[PDB]
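Student: Coordinates in data_34.csv, CSV, N, CA and C atoms, are listed below.
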```csv
chain,number,residue,atom,x,y,z
W,1,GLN,N,106.3,123.0,84.6
W,1,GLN,CA,107.5,123.5,83.8
W,1,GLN,C,108.5,122.4,83.6
W,2,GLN,N,108.9,121.7,84.7
W,2,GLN,CA,109.9,120.6,84.5
W,2,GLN,C,109.3,119.5,83.6
W,3,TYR,N,108.5,118.6,84.2
W,3,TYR,CA,107.9,117.5,83.4
W,3,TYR,C,106.4,117.7,83.3
W,4,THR,N,105.9,117.8,82.1
W,4,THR,CA,104.4,118.0,82.0
W,4,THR,C,103.7,116.6,82.2
W,5,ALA,N,104.4,115.6,82.3
W,5,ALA,CA,103.8,114.2,82.5
W,5,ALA,C,102.9,114.2,83.8
W,6,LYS,N,101.7,114.7,83.7
W,6,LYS,CA,100.8,114.7,84.8
W,6,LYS,C,100.2,113.3,85.0
W,7,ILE,N,101.0,112.3,85.3
W,7,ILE,CA,100.5,110.9,85.4
W,7,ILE,C,99.3,110.9,86.5
W,8,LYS,N,99.6,110.6,87.7
W,8,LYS,CA,98.5,110.6,88.7
W,8,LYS,C,97.9,112.0,88.9
W,9,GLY,N,98.7,113.0,88.6
W,9,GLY,CA,98.2,114.4,88.7
W,9,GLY,C,99.3,115.3,89.4
W,10,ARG,N,100.5,115.3,88.8
W,10,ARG,CA,101.6,116.2,89.3
W,10,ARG,C,102.7,116.4,88.3
W,11,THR,N,103.2,117.6,88.3
W,11,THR,CA,104.4,118.0,87.4
W,11,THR,C,105.6,117.4,88.0
W,12,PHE,N,106.4,116.6,87.3
W,12,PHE,CA,107.6,116.1,88.0
W,12,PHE,C,108.8,117.0,87.7
W,13,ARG,N,109.8,116.9,88.6
W,13,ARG,CA,111.0,117.8,88.5
W,13,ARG,C,112.0,117.2,87.5
W,14,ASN,N,112.2,115.9,87.5
W,14,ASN,CA,113.1,115.2,86.6
W,14,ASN,C,112.5,113.9,86.1
W,15,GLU,N,113.0,113.4,85.0
W,15,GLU,CA,112.5,112.1,84.4
W,15,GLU,C,112.7,111.0,85.4
W,16,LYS,N,113.8,111.0,86.1
W,16,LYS,CA,114.1,109.9,87.1
W,16,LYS,C,112.9,109.6,88.0
W,17,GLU,N,112.4,110.7,88.6
W,17,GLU,CA,111.2,110.5,89.5
W,17,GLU,C,110.0,110.1,88.7
W,18,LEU,N,109.7,110.8,87.6
W,18,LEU,CA,108.6,110.5,86.8
W,18,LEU,C,108.7,109.0,86.3
W,19,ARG,N,110.0,108.5,86.3
W,19,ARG,CA,110.2,107.1,85.9
W,19,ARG,C,110.1,106.3,87.2
W,20,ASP,N,110.4,106.8,88.3
W,20,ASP,CA,110.3,106.0,89.6
W,20,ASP,C,108.9,106.1,90.1
W,21,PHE,N,108.0,106.8,89.4
W,21,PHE,CA,106.6,106.9,89.9
W,21,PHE,C,105.8,105.7,89.4
W,22,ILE,N,105.9,105.4,88.1
W,22,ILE,CA,105.2,104.2,87.6
W,22,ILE,C,105.7,103.0,88.3
W,23,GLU,N,106.9,103.0,88.8
W,23,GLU,CA,107.5,101.8,89.6
W,23,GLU,C,106.7,101.7,90.9
W,24,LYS,N,106.4,102.8,91.5
W,24,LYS,CA,105.6,102.8,92.8
W,24,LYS,C,104.1,103.1,92.5
W,25,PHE,N,103.7,103.0,91.2
W,25,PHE,CA,102.3,103.3,90.8
W,25,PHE,C,101.5,102.0,90.6
W,26,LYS,N,102.1,100.8,90.9
W,26,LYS,CA,101.4,99.5,90.7
W,26,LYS,C,101.1,99.3,89.3
W,27,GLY,N,101.9,99.9,88.4
W,27,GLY,CA,101.7,99.8,86.9
W,27,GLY,C,103.0,99.4,86.2
W,28,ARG,N,104.1,100.0,86.6
W,28,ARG,CA,105.4,99.7,86.0
W,28,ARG,C,105.3,99.8,84.5
```
Output the structure of this file as structure tokens.
Tutor:
Amino acid sequence: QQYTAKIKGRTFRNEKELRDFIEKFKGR
């Protein structure tokens, strides 16, 4: 509902975290 960006496999609550995920995803 919040963020459909299922990057590794999770719906994010805000863009900030979905943005702080790629930072801690070894991809940036």
Student: One decimal, Å: what's the distance from atom N of residue 14 in chain W over to CA of residue 1 in chain W, could you say?
Tutor: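 Between atom N of residue 14 in chain W and CA of residue 1 in chain W the gap is 9.7 Å.
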Student: Dig up all the protein and nucleic acid residues within 8 Å of (107.7, 117.9, 82.3) in the file frame, using all atoms listed in the file, and format them as a PDB file with N, CA and C atoms, in the frame of the given file.
Tutor:
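Here's the written file point-v4.pdb:
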```
ATOM      1  N   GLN W   1     106.300 123.000  84.600  1.00  0.00           N
ATOM      2  CA  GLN W   1     107.500 123.500  83.800  1.00  0.00           C
ATOM      3  C   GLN W   1     108.500 122.400  83.600  1.00  0.00           C
ATOM      4  N   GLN W   2     108.900 121.700  84.700  1.00  0.00           N
ATOM      5  CA  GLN W   2     109.900 120.600  84.500  1.00  0.00           C
ATOM      6  C   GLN W   2     109.300 119.500  83.600  1.00  0.00           C
ATOM      7  N   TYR W   3     108.500 118.600  84.200  1.00  0.00           N
ATOM      8  CA  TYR W   3     107.900 117.500  83.400  1.00  0.00           C
ATOM      9  C   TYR W   3     106.400 117.700  83.300  1.00  0.00           C
ATOM     10  N   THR W   4     105.900 117.800  82.100  1.00  0.00           N
ATOM     11  CA  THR W   4     104.400 118.000  82.000  1.00  0.00           C
ATOM     12  C   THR W   4     103.700 116.600  82.200  1.00  0.00           C
ATOM     13  N   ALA W   5     104.400 115.600  82.300  1.00  0.00           N
ATOM     14  CA  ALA W   5     103.800 114.200  82.500  1.00  0.00           C
ATOM     15  C   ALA W   5     102.900 114.200  83.800  1.00  0.00           C
ATOM     16  N   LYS W   6     101.700 114.700  83.700  1.00  0.00           N
ATOM     17  CA  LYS W   6     100.800 114.700  84.800  1.00  0.00           C
ATOM     18  C   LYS W   6     100.200 113.300  85.000  1.00  0.00           C
ATOM     19  N   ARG W  10     100.500 115.300  88.800  1.00  0.00           N
ATOM     20  CA  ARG W  10     101.600 116.200  89.300  1.00  0.00           C
ATOM     21  C   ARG W  10     102.700 116.400  88.300  1.00  0.00           C
ATOM     22  N   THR W  11     103.200 117.600  88.300  1.00  0.00           N
ATOM     23  CA  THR W  11     104.400 118.000  87.400  1.00  0.00           C
ATOM     24  C   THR W  11     105.600 117.400  88.000  1.00  0.00           C
ATOM     25  N   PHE W  12     106.400 116.600  87.300  1.00  0.00           N
ATOM     26  CA  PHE W  12     107.600 116.100  88.000  1.00  0.00           C
ATOM     27  C   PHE W  12     108.800 117.000  87.700  1.00  0.00           C
ATOM     28  N   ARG W  13     109.800 116.900  88.600  1.00  0.00           N
ATOM     29  CA  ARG W  13     111.000 117.800  88.500  1.00  0.00           C
ATOM     30  C   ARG W  13     112.000 117.200  87.500  1.00  0.00           C
ATOM     31  N   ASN W  14     112.200 115.900  87.500  1.00  0.00           N
ATOM     32  CA  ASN W  14     113.100 115.200  86.600  1.00  0.00           C
ATOM     33  C   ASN W  14     112.500 113.900  86.100  1.00  0.00           C
ATOM     34  N   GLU W  15     113.000 113.400  85.000  1.00  0.00           N
ATOM     35  CA  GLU W  15     112.500 112.100  84.400  1.00  0.00           C
ATOM     36  C   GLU W  15     112.700 111.000  85.400  1.00  0.00           C
TER      37      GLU W  15
END
```
Student: What is the distance, in Å and to one decimal place, between CA of residue 9 in chain W and atom C of residue 26 in chain W?
Tutor: 15.4 Å
Student: As an mmCIF file, in the frame of the given file, please: range 1-26 of chain W completed to N, CA, C and O atoms.
Tutor:
```
data_model
loop_
_atom_site.group_PDB
_atom_site.id
_atom_site.type_symbol
_atom_site.label_atom_id
_atom_site.label_comp_id
_atom_site.auth_asym_id
_atom_site.auth_seq_id
_atom_site.Cartn_x
_atom_site.Cartn_y
_atom_site.Cartn_z
ATOM 1 N N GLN W 1 106.300 123.000 84.600
ATOM 2 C CA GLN W 1 107.500 123.500 83.800
ATOM 3 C C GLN W 1 108.500 122.400 83.600
ATOM 4 O O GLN W 1 108.989 122.196 82.520
ATOM 5 N N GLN W 2 108.900 121.700 84.700
ATOM 6 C CA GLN W 2 109.900 120.600 84.500
ATOM 7 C C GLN W 2 109.300 119.500 83.600
ATOM 8 O O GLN W 2 109.656 119.403 82.470
ATOM 9 N N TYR W 3 108.500 118.600 84.200
ATOM 10 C CA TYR W 3 107.900 117.500 83.400
ATOM 11 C C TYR W 3 106.400 117.700 83.300
ATOM 12 O O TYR W 3 105.738 117.611 84.332
ATOM 13 N N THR W 4 105.900 117.800 82.100
ATOM 14 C CA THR W 4 104.400 118.000 82.000
ATOM 15 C C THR W 4 103.700 116.600 82.200
ATOM 16 O O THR W 4 102.485 116.588 82.118
ATOM 17 N N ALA W 5 104.400 115.600 82.300
ATOM 18 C CA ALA W 5 103.800 114.200 82.500
ATOM 19 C C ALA W 5 102.900 114.200 83.800
ATOM 20 O O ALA W 5 103.287 113.706 84.797
ATOM 21 N N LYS W 6 101.700 114.700 83.700
ATOM 22 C CA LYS W 6 100.800 114.700 84.800
ATOM 23 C C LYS W 6 100.200 113.300 85.000
ATOM 24 O O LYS W 6 98.979 113.154 84.891
ATOM 25 N N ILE W 7 101.000 112.300 85.300
ATOM 26 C CA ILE W 7 100.500 110.900 85.400
ATOM 27 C C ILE W 7 99.300 110.900 86.500
ATOM 28 O O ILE W 7 98.185 111.159 86.108
ATOM 29 N N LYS W 8 99.600 110.600 87.700
ATOM 30 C CA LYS W 8 98.500 110.600 88.700
ATOM 31 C C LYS W 8 97.900 112.000 88.900
ATOM 32 O O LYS W 8 96.752 112.215 89.208
ATOM 33 N N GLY W 9 98.700 113.000 88.600
ATOM 34 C CA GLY W 9 98.200 114.400 88.700
ATOM 35 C C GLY W 9 99.300 115.300 89.400
ATOM 36 O O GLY W 9 99.131 115.952 90.368
ATOM 37 N N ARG W 10 100.500 115.300 88.800
ATOM 38 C CA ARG W 10 101.600 116.200 89.300
ATOM 39 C C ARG W 10 102.700 116.400 88.300
ATOM 40 O O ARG W 10 103.109 115.549 87.543
ATOM 41 N N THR W 11 103.200 117.600 88.300
ATOM 42 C CA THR W 11 104.400 118.000 87.400
ATOM 43 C C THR W 11 105.600 117.400 88.000
ATOM 44 O O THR W 11 105.907 117.747 89.160
ATOM 45 N N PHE W 12 106.400 116.600 87.300
ATOM 46 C CA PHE W 12 107.600 116.100 88.000
ATOM 47 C C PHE W 12 108.800 117.000 87.700
ATOM 48 O O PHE W 12 108.865 117.780 86.805
ATOM 49 N N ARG W 13 109.800 116.900 88.600
ATOM 50 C CA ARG W 13 111.000 117.800 88.500
ATOM 51 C C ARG W 13 112.000 117.200 87.500
ATOM 52 O O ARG W 13 112.585 117.831 86.640
ATOM 53 N N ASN W 14 112.200 115.900 87.500
ATOM 54 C CA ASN W 14 113.100 115.200 86.600
ATOM 55 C C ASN W 14 112.500 113.900 86.100
ATOM 56 O O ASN W 14 111.574 113.355 86.651
ATOM 57 N N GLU W 15 113.000 113.400 85.000
ATOM 58 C CA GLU W 15 112.500 112.100 84.400
ATOM 59 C C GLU W 15 112.700 111.000 85.400
ATOM 60 O O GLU W 15 111.844 110.090 85.487
ATOM 61 N N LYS W 16 113.800 111.000 86.100
ATOM 62 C CA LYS W 16 114.100 109.900 87.100
ATOM 63 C C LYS W 16 112.900 109.600 88.000
ATOM 64 O O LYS W 16 112.375 108.539 88.131
ATOM 65 N N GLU W 17 112.400 110.700 88.600
ATOM 66 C CA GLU W 17 111.200 110.500 89.500
ATOM 67 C C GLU W 17 110.000 110.100 88.700
ATOM 68 O O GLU W 17 109.323 109.161 89.016
ATOM 69 N N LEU W 18 109.700 110.800 87.600
ATOM 70 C CA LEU W 18 108.600 110.500 86.800
ATOM 71 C C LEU W 18 108.700 109.000 86.300
ATOM 72 O O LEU W 18 107.768 108.303 86.064
ATOM 73 N N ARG W 19 110.000 108.500 86.300
ATOM 74 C CA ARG W 19 110.200 107.100 85.900
ATOM 75 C C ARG W 19 110.100 106.300 87.200
ATOM 76 O O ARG W 19 109.680 105.124 87.122
ATOM 77 N N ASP W 20 110.400 106.800 88.300
ATOM 78 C CA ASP W 20 110.300 106.000 89.600
ATOM 79 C C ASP W 20 108.900 106.100 90.100
ATOM 80 O O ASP W 20 108.564 105.606 91.187
ATOM 81 N N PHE W 21 108.000 106.800 89.400
ATOM 82 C CA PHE W 21 106.600 106.900 89.900
ATOM 83 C C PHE W 21 105.800 105.700 89.400
ATOM 84 O O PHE W 21 105.178 105.005 90.180
ATOM 85 N N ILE W 22 105.900 105.400 88.100
ATOM 86 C CA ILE W 22 105.200 104.200 87.600
ATOM 87 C C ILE W 22 105.700 103.000 88.300
ATOM 88 O O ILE W 22 104.962 102.014 88.542
ATOM 89 N N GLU W 23 106.900 103.000 88.800
ATOM 90 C CA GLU W 23 107.500 101.800 89.600
ATOM 91 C C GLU W 23 106.700 101.700 90.900
ATOM 92 O O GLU W 23 106.253 100.634 91.292
ATOM 93 N N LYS W 24 106.400 102.800 91.500
ATOM 94 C CA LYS W 24 105.600 102.800 92.800
ATOM 95 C C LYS W 24 104.100 103.100 92.500
ATOM 96 O O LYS W 24 103.370 103.506 93.349
ATOM 97 N N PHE W 25 103.700 103.000 91.200
ATOM 98 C CA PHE W 25 102.300 103.300 90.800
ATOM 99 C C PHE W 25 101.500 102.000 90.600
ATOM 100 O O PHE W 25 100.372 101.994 90.249
ATOM 101 N N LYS W 26 102.100 100.800 90.900
ATOM 102 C CA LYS W 26 101.400 99.500 90.700
ATOM 103 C C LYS W 26 101.100 99.300 89.300
ATOM 104 O O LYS W 26 100.101 98.707 88.902
#
```
